[PDB]
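Visitor: Pasting in a structure now, in C-alpha cells, and then I'll have a few things to ask.
Protein chains: 2
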Amino acid sequence: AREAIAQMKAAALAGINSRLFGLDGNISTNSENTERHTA
Amino acid sequence: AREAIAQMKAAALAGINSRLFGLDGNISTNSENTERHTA
Numbered sequence: 228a229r230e231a232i233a234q235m236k237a238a239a240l241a242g243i244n245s246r247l248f249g250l251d252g253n254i255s256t257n258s259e260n261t262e263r264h265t266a
Numbered sequence: 228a229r230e231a232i233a234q235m236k237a238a239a240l241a242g243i244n245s246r247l248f249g250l251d252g253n254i255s256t257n258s259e260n261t262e263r264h265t266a
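Residue numbers (PDB author numbering), protein chains in the order written: chain R, 228 to 266; chain A, 228 to 266.
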C-alpha cells in the first residue's frame, strides 16, 4: 500500500502552479495631480 | 502362481512416469504494473 498511496498523491496534483504571491493592493495608474483651478 | 502374479504386475506397468509434481498455481507472465494515468 505504501506504493499505491504515493501514486494517488502524485496523480491528484499536476498543473497547480504555486505562485506564492497573490496580488498587490497598491495601484498607481496615474500619479496624484496636486494642482488648482481658478476662473 | 507366485511367479505368474509378478509377471502380470510388471506387464501392466510400463511407461508410466511418476513425476510427483503436477502443476503450480502461481503464474507470473508479467509483473504487476502499479502506475497511473492522467489527461
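Even for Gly, the Cβ is constructed at its ideal location relative to N, Cα and C.
Does DSSP classify R/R229 as helix, strand or coil?
Guide: helix
Visitor: Output, in chain order, the set of chain A residues within a Cβ distance shorter than 7 Å of R/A238.
Guide: What R/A238 touches in chain A: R263, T265.
Visitor: Using a Cβ-Cβ cut-off of 8 Å (strictly less than) and excluding sequence neighbours within five positions of A/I243, which residues of its own chain qualify?
Guide: none
Visitor: Is A/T256 near R/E230, with beta carbons less than 8 Å apart?
Guide: no
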